[PDB]
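Some notes on the structure that comes next.
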Amino acid sequence: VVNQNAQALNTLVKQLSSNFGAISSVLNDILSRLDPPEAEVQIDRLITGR
Amino acid sequence: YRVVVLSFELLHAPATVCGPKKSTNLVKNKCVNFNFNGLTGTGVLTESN
Amino acid sequence: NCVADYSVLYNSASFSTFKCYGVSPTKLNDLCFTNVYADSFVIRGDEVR
């Protein structure tokens, strides 16, 4: 039971490091690079996978 | 048409080239928005061992 | 290892065709990079596209 919850929590955190097709996983990088209308395209991909 | 293509390397090494952005004093033991070498984020700054 | 100010080029109109695919033109100064390579050359008019 302890290991089961540990794997579920660990897996859930490791997904944040995945790009999900986006240029980068960090949101501050997208905001600091792409234009406002262009950032929405990348941010949508991260929200979709997350 | 004179063409010049701008290429760059991102987050593979510290930034030696940065525009005229005036630096400020450092704050500690408080939650603040910090930008260091182009790295943006919010967090409490404390001395690490 | 220098200070790159890209606002002077954006404020004063010079470049006829200026487009940034990788990053935003306004964020060039906000976010800064380590190595910057500039390939300079000249091409025929219709070859810029």
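To be explicit about the labels: the chains of the structure tokens are called A, B, and onward in the order shown, and within each one the residues are counted from 1, while ligands get numbers from 1 in the order they are shown.
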| query | Please, which residues of chain A lie no more than 7 Å from chain C when the count uses only C-alpha atoms, and can they be set out as a PyMOL selection string? | reply | chain A and resi 32-35
| said: I'd like the contact shell of region 11-17 of chain B - 10 Å cut-off, only C-alpha atoms, skipping same-chain residues fewer than 6 positions apart - returned as a PyMOL selection string. | reply: (chain B and resi 36-39) or (chain C and resi 1-5+31-36)
Write out as a short mmCIF file (atom, residue, chain, number, x, y, z; two decimals) with N, CA and C atoms, in the first residue's frame the residues lying within 10 Å of residue 41 (chain B), counting only C-alpha atoms and excluding same-chain residues fewer than 6 positions away.
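Printed below is out-v7.cif as written:
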data_model
loop_
_atom_site.label_atom_id
_atom_site.label_comp_id
_atom_site.auth_asym_id
_atom_site.auth_seq_id
_atom_site.Cartn_x
_atom_site.Cartn_y
_atom_site.Cartn_z
N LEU A 27 6.97 26.95 -17.89
CA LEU A 27 6.05 27.95 -18.42
C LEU A 27 6.73 29.31 -18.56
N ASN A 28 7.64 29.64 -17.64
CA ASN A 28 8.33 30.92 -17.71
C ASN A 28 9.17 31.03 -18.98
N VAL B 32 10.22 36.14 -2.96
CA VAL B 32 10.49 37.19 -3.94
C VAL B 32 10.52 36.57 -5.33
N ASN B 33 10.34 37.43 -6.33
CA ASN B 33 10.45 37.03 -7.73
C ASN B 33 11.87 37.33 -8.19
N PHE B 34 12.64 36.28 -8.48
CA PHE B 34 14.05 36.40 -8.81
C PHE B 34 14.28 36.06 -10.27
N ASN B 35 15.17 36.82 -10.92
CA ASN B 35 15.61 36.54 -12.28
C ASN B 35 17.13 36.51 -12.27
#
| query | Which residue gives the smallest distance to chain A among B:44, B:10, B:29, B:22, with only C-alpha atoms counted? | reply | B:10
Would you mind writing down, as a compact mmCIF listing (two decimals) with N, CA, C and O atoms, in the first residue's frame, each residue of chain C that DSSP on the backbone assigns to strand (DSSP E)?
# COMPACT_ATOMS: atom_id res chain seq x y z
N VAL C 36 26.18 33.55 -29.19
CA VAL C 36 25.40 34.16 -30.26
C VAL C 36 26.23 34.11 -31.53
O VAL C 36 27.28 34.75 -31.62
N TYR C 37 25.76 33.35 -32.52
CA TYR C 37 26.41 33.23 -33.81
C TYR C 37 25.60 33.97 -34.86
O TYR C 37 24.38 33.79 -34.94
N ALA C 38 26.27 34.81 -35.65
CA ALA C 38 25.63 35.60 -36.69
C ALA C 38 26.30 35.27 -38.02
O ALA C 38 27.49 35.55 -38.21
N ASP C 39 25.54 34.66 -38.93
CA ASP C 39 26.02 34.32 -40.26
C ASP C 39 25.63 35.43 -41.22
O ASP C 39 24.44 35.62 -41.51
N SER C 40 26.62 36.16 -41.72
CA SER C 40 26.39 37.29 -42.61
C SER C 40 26.70 36.89 -44.05
O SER C 40 27.71 36.24 -44.31
N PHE C 41 25.82 37.28 -44.97
CA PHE C 41 26.00 36.97 -46.38
C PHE C 41 25.01 37.82 -47.18
O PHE C 41 24.24 38.60 -46.61
N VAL C 42 25.04 37.66 -48.50
CA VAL C 42 24.18 38.41 -49.41
C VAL C 42 23.61 37.44 -50.43
O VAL C 42 24.29 36.51 -50.86
| Two-atom distance - CA of residue 16 (chain A), CA of residue 38 (chain A) (Å) | 21.0 Å
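Coordinates place CA of residue 2 (chain B) at a distance of 8.9 Å from CA of residue 44 (chain C).
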